[PDB]
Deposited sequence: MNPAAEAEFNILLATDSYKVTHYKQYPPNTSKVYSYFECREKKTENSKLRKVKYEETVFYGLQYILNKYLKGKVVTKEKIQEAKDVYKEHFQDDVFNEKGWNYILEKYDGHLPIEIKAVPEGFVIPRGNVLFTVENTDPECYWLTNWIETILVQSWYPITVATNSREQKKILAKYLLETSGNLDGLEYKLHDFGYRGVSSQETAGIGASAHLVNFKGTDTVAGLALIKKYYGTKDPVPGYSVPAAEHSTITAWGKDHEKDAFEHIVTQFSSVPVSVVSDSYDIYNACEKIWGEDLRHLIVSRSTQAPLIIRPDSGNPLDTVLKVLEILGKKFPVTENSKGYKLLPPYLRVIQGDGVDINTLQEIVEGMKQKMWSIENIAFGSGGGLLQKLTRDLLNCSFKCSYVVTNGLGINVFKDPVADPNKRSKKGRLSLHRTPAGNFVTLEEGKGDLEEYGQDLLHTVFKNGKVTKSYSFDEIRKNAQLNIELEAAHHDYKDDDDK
């Protein structure tokens, strides 16, 4: 990895565009205008990409040669980068202040700030904008996943009277559906801020290396079938596949995809009749989890529950909701996103089915179908020092008032009612709102403040 080649190309030309005699460039990150966001992911970026000796003679030379051909010109600031290498032994003279990881902050508040610590490195602040703006992705995955936890908590509390097993109700199925291996690890780790169920193995090593947990692993999985392990038995031997799989995993929970040919027939005749004796004998700690994987997600879930409820002994819980026996559960792992999750739990509640009966598996909806536009994550310059005089800087486009940026030195404070407020124009210097809630997390190539994954989970907890 070469930080000199980890920026948008046009940033290579910006050192020539700032007003002459600029000694300071101060910039901030916010999720402009999903009313609250989970701040997570910055620590990964600081450790993997920004800390220590990030500049070498070889990296300067590599970047010089690439930019010469990429621009068909020599616009690359070799002098500026050589200065960092000679003066600071390749350590970035940058200071980053951030809100603690796991923090749940309303939209339109400063989340982190970046500024150069050496007047010669005024151009460095916005050079690293590209790498830091990528924090949008673990922030959005964590926020969207927590918003799904809120829906699940509401319906589970309503239909069961408690939140037992909440942290296992939304399972990450997204490994194949993401754009890369690196995205998988980052995305799966952000989902693990709110839940404990994951199949995206990549997320576990990321948490271990960059955050750390008291427990040996932050996430868990159960054995489960795929279409290939059922279909390989042949069209006429689906019962044999099912029987073999539940016998191989007789003492542990097992998920079995049952829609290869006909989900309703598999539920009513195979599980419901032919193999029913192998299901009713299972332990409460080792249920059979039936998995539909096609059709309308809500209509399929309701029909599968109606079928199972007629083949198996259904009880009525203390809230008046139907509950499958403890050796039998369902997982809907096709077409699950925040909108369909909501339609399914509401549809289940209307048909008097307890949310304790179901878990959700989400792939693309959880980790891929997200953009920087969802929370409007933006990095903007708000303060500059030119000729020793500080000026409050901002954009305010005529056709888009929502794109107006904050002015001057920023500070995050607790209001008297215990809410959050961002103070602009260095007004935080007046001691009217107490202490700034951002902490120096990076200074001159060193990570100065870190959070464990346990702290992050605690900060990201629901009020509920």
Q.
Where does the structure fail to cover the deposited sequence at the C-alpha level?
A. 1-8, 42-53, 485-499
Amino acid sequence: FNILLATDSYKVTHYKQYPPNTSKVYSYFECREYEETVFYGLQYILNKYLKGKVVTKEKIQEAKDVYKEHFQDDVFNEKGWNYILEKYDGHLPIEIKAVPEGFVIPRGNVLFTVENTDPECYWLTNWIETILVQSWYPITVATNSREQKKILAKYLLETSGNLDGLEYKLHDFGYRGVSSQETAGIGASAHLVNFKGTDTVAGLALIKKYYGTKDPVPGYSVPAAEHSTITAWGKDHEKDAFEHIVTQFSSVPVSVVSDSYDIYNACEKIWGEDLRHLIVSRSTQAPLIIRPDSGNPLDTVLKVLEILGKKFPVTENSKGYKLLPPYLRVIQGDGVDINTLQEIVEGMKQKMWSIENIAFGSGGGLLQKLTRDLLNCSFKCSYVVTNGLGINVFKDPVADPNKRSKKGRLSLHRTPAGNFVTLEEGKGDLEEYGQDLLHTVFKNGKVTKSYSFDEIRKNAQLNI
From here on, numbers count along this sequence of modelled residues.
**Q.** Comparing 429-437 with 408-416, the one whose average Cα B-factor in the PDB entry is higher
**A.** 429-437
Q) 80-88 versus 377-385: which one carries the higher mean Cα B factor per the record? A) 80-88
Q. Based on what the PDB entry reports, which of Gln285, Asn194, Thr140, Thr183 has the top C-alpha B-factor?
A. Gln285
Q. From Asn144, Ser189, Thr371, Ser281, pick the one with the largest CA B-factor in the entry?
A. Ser281
(Q) Ranking the modelled residues of this chain by C-alpha B-factor as given in the entry, is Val12 in the lowest, middle or highest third? (A) middle
Q.
Ranking the modelled residues of this chain by C-alpha B-factor as given in the entry, is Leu206 in the lowest, middle or highest third?
A. middle
Q: Classify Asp65 as lowest, middle or highest third according to the C-alpha B-factor given in the PDB entry, relative to its own chain.
A: highest
Q: Quick one: classify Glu30 as lowest, middle or highest third of the chain based on its Cα B-factor.
A: lowest
Q | Lowest, middle or highest third - CA B-factor, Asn463 | A | highest
